[PDB]
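The structure under discussion appears below in the form of structure tokens.
Here the Cβ is made from the backbone with ideal geometry for all residues, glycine too, and neighbour counts use every protein chain on show. Each answer follows from the model by the rule given with it, or from the source it names; these are not laboratory values.
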Amino acid sequence: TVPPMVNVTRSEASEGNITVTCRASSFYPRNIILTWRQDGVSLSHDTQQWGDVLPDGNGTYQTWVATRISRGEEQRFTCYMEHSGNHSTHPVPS
Amino acid sequence: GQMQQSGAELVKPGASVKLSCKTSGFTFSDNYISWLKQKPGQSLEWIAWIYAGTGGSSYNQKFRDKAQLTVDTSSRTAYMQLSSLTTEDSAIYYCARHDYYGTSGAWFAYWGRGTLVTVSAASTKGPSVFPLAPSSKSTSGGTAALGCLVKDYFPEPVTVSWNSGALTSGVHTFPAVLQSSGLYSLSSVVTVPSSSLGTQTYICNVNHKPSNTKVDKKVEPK
Amino acid sequence: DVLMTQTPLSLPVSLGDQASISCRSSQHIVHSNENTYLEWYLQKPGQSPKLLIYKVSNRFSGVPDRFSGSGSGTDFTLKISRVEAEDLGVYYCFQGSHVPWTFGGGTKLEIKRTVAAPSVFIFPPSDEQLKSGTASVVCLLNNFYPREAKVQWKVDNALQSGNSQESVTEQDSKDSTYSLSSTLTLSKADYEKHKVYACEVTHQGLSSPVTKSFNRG
């Protein structure tokens, strides 16, 4: 068992908004939960885009999840990751 | 972005070759680079992929000992080394990328132009270029046909333009045929107005990169 | 391995008509992550394959909505609702679900347009070539449909055999036609021993066969 390296990135900056992508990589086994949350509440499926849970080529796997937010609301959003018992919550950089 | 593949290769049986796929205009490290094999007039096969971010790879077991994928992050360039080449390794080889963040789960979303690999002991040879002259015998209605016979070259490919690319309208460049000699031959023709044959000059430009040859042939009426 | 069989292998369709291509796998192609990586590609003539559809039914960016993908289990279908001229080429289904990844055999889409008779032209060998000891006589059949045509060479009314080669272009999207070149290859001696060189063409659009010919000199 290998825990993922979670990493949040900010992209597509315009009109006071940004796209925030939560990457989870280098993990095993394949099964994982990854979702953006606003105030600890999981976002709708139709407000997020998911990367497929696919192999690295080193025996481990990677996935991602992204959503659009407003600048000034970063503290309000978190990426929740759960994987083989353990779980964690990751902030948006500002 | 762009995915610039290297020019066609002639390589001897038993030897190896290192194909390159130089790229730009996108985050190279966030892409799975696959290599695919296509023999002309046949379907494709998947050889292998390499994820540029990690350097990790998956290989079709059929090409286990054949192909070796590597990636240079600095130059944003992918490489496939093929070794112990036989005639059955003669094919078009494509690099294609999976835009993992832009369109996830789409494996060959963007492609290179392909590198034609010819595995043969025969020497390179530049083409001889003869005019196919316009005449009453090549005139139907108000239009005439004229062209160039590009003969006796090896290996494929050859590229033909007309008036340095200024003439593309009416042009047909035919698939090359392998002659019994072991050398290729093709024709490139263009239909033009009969009244243009007096003043407008027509020149085919032949380029054969495997032999480092450029031939320009002016084509006048007979 | 997952074997991938397509139907049909060739697909004539009229402009504006609905075309559909079947792709049958030998077993299920649901990846262990629960996606089905069935993909459809179009290879236009003189180009590399281009992505149309991924994960069974997802239309790739830039791809017109007339293109549509569906199916499940072992049975998958690409449909084109209004076939334009630029749709011609070879269509391949692909599975990226189980290693080794495998392509279908290909489905060649041709535009079925009205019968077009070829314009037939003949070219004598150049002086430049004859000095080197060979004579190539070239006959051109330009812009015709359908693909089927017969080119017969005659040298002084005597039917030729075993001394010519043909090449046909892929279908042109500009007008849905084909063109064909036939090269008669003789030695300079054999060439200079005869007077009348003729190309005889048979094709659906021609009432009776057409002959183009010349006299050496």
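Just to confirm my filter: which strands (runs of 3 or more DSSP E) fall fully inside the stretch C:53-110 and include at least 3 residues that are within 19 Å of the chain's Cα centre (by Cα) and in the same structural domain as C:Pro8 (by CATH)?
Numbers: elements: C:67-72, C:75-80, C:89-95.
Fully inside the stretch C:53-110 and qualifying: C:89-95.
With surrounded by fewer than 17 Cβ atoms within 10 Å (Cβ to Cβ), over 26 Å from the mean Cα position of the chain (by Cα), away from every other protein chain (no Cβ under 13 Å) and among the acidic types (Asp, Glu) as the only criterion, which of C:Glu192, C:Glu148 stands out? Don't jump to the end; show me each part of the working.
On the way: C:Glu148 fails: over 26 Å from the mean Cα position of the chain (by Cα).
Answer to the check: C:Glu192.
Considering only residues that are in a loop (DSSP other than H, G, I, E, B), in contact (Cβ under 8 Å) with a residue 40 or more places away in the chain and more than 20 Å from C:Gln165 (Cα to Cα), which ones fall in the stretch B:155-211?
Of everything in the stretch B:155-211, just one residue is in a loop (DSSP other than H, G, I, E, B), in contact (Cβ under 8 Å) with a residue 40 or more places away in the chain and more than 20 Å from C:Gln165 (Cα to Cα), namely B:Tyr202.
Counting only residues that are under 25 Å from A:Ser14 (Cβ atoms) and among the charged types (D, E, K, R), which one in the stretch A:40-94 is surrounded by the most Cβ atoms within 10 Å (Cβ to Cβ)?
Once the filter is applied, the top-ranked residue is A:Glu74.
Just wondering, is there one or more residues in the stretch B:212-221 that are in contact with a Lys or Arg (Cβ under 6 Å, 6 or more places away or on another chain), in a strand (DSSP E or B) and assigned by CATH to the domain that holds B:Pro127?
Checked the stretch B:212-221: no residue is in contact with a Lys or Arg (Cβ under 6 Å, 6 or more places away or on another chain), in a strand (DSSP E or B) and assigned by CATH to the domain that holds B:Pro127.
Identify all residues within the stretch C:46-66 that are more than 14 Å from C:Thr36 (Cβ to Cβ) and within 14 Å of another protein chain (Cβ to nearest Cβ); write none if there are none. Write out each step before concluding.
Our first condition is that a residue be more than 14 Å from C:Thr36 (Cβ to Cβ); within the stretch C:46-66, this holds for C:46-52, C:59-66.
Hits for the stretch C:46-66 are C:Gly46, C:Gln47, C:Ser48, C:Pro49, C:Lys50, C:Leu51, C:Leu52, C:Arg59, C:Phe60, C:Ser61, C:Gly62, C:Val63.
Being touching a residue at least 12 places away in the same chain (Cβ under 8 Å) and surrounded by fewer than 19 Cβ atoms within 10 Å (Cβ to Cβ) is the filter; apply it to the stretch C:26-42 and report the residue that is nearest to B:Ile92 (Cα to Cα).
Once the filter is applied, the top-ranked residue is C:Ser26.
Go through (1) exposed (fewer than 15 other Cβ atoms within 10 Å of the Cβ); (2) touching a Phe, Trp or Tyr at 6+ places or on another chain (Cβ under 8 Å); (3) over 30 Å from C:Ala85 (Cα atoms); (4) more than 8 Å from chain B (Cβ to nearest Cβ) and name the single condition C:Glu128 misses.
(4)
Please count how many residues of the stretch A:25-71 are in contact (Cβ under 8 Å) with a residue 12 or more places away in the chain and outside any strand (DSSP E or B).
Here the count works out to 14.
Filter the stretch C:43-67 for residues that are of a type in the set (S, T, N, Q) and crowded, with 18+ Cβ neighbours inside 10 Å and give the result. Steps first, answer last, please.
Step one: of the stretch C:43-67, the residues of a type in the set (S, T, N, Q) are C:43, C:47-48, C:57-58, C:61.
Those that are of a type in the set (S, T, N, Q) and crowded, with 18+ Cβ neighbours inside 10 Å: C:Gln43, C:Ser48.
Just to be sure, is B:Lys214 more than 8 Å from every other protein chain (Cβ to nearest Cβ), touching a residue at least 12 places away in the same chain (Cβ under 8 Å) and not small (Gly, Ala, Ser)? Show your work before the answer.
On the way: more than 8 Å from every other protein chain (Cβ to nearest Cβ): yes; touching a residue at least 12 places away in the same chain (Cβ under 8 Å): no; not small (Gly, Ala, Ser): yes.
Spelling it out, it is not the case that B:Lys214 is more than 8 Å from every other protein chain (Cβ to nearest Cβ), touching a residue at least 12 places away in the same chain (Cβ under 8 Å) and not small (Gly, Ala, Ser).
Find the residue count for the stretch B:182-202, including only residues that are under 22 Å from the mean Cα position of the chain (by Cα) and more than 9 Å from chain C (Cβ to nearest Cβ).
Summing the residues that are under 22 Å from the mean Cα position of the chain (by Cα) and more than 9 Å from chain C (Cβ to nearest Cβ) in the stretch B:182-202 gives 5.
Scan (1) surrounded by 20 or more Cβ atoms within 10 Å (Cβ to Cβ); (2) at the interface with chain B (Cβ under 7 Å from one of its Cβ atoms); (3) over 30 Å from C:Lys195 (Cα atoms) for the single condition C:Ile111 breaks and write down its number.
So C:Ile111 meets the others, but not (2).
Let me confirm something: among B:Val206, B:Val189, B:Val177, which residue is in contact with an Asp or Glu (Cβ under 9 Å, 6 or more places away or on another chain) and buried (at least 16 other Cβ atoms within 10 Å of the Cβ)?
Step by step, each of B:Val206, B:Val189, B:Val177 is checked, and only B:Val206 is in contact with an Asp or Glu (Cβ under 9 Å, 6 or more places away or on another chain) and buried (at least 16 other Cβ atoms within 10 Å of the Cβ).
Need a quick list: strands (runs of 3 or more DSSP E) entirely within the stretch B:62-128 having at least 1 residues that are in contact with a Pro (Cβ under 9 Å, 6 or more places away or on another chain) and within 14 Å of chain C (Cβ to nearest Cβ).
Ranges flagged: B:91-99, B:115-119.
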